[PDB]
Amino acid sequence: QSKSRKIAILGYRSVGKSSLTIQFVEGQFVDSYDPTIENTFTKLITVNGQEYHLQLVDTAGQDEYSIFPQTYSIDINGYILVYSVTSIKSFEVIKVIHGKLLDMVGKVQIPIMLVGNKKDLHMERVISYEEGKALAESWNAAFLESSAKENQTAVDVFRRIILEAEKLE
């Protein structure tokens, strides 16, 4: 009598959706992964004594113009929205995505969190921790920063989204 969460991973293009997800499930940082591929990864994690069966949707990517059709919500238990702290564009884009996603959802409390990835690039960082935090807060969302190089930060991210579901249960 375990539970089952299905998580949508959303974000611009080359912000590390795949790399972050793969890191969590394989224990491995990959060099490249094909950015056409939508793939569902699976994983066990135990959270507050409850064994969870995760399905992780590594979406191909979105942008400003992308379209969230009415059906997308259907069987989605949670949404993780990812930008890169090195691409202002990806931060621009994630605000837009959030807007369209919040419209496609309507009223429901199905949790949404926000992640600043690529934190390991001290020299390439353009977005501050504060900047993304303010966004999350503005949405009443969770906010973590991450690195697909670092396993433990990835674990925090997919663990946190489950937590955020549990809050509302």
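Throughout, rigid core stands for the largest set of C-alpha atoms superposing within 1.5 Å between the two forms. Numbering starts at 1 and follows the sequence shown.
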Stretch with larger C-alpha RMS deviation in 4 other deposited structures of this protein, core superposed, 136-144 versus 34-42: 34-42
Farther-lying stretch by C-alpha RMS in 4 other deposited structures of this protein, rigid core as reference, of 81-89 and 68-76: 68-76
When the other entries of this protein are compared, is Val126 unmodelled in at least a third of them? no
Check: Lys107 without coordinates in a third or more of other entries: yes
Per the entry, higher mean C-alpha B factor between 72-80 and 85-93: 72-80
Quick note on 121-129 and 134-142: per-entry mean CA temperature factor is higher in 121-129
Out of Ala60, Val105, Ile45, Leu56, whose C-alpha atom has the biggest B factor in the entry? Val105
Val115's Cα B-factor: lowest, middle or highest third of the chain? lowest
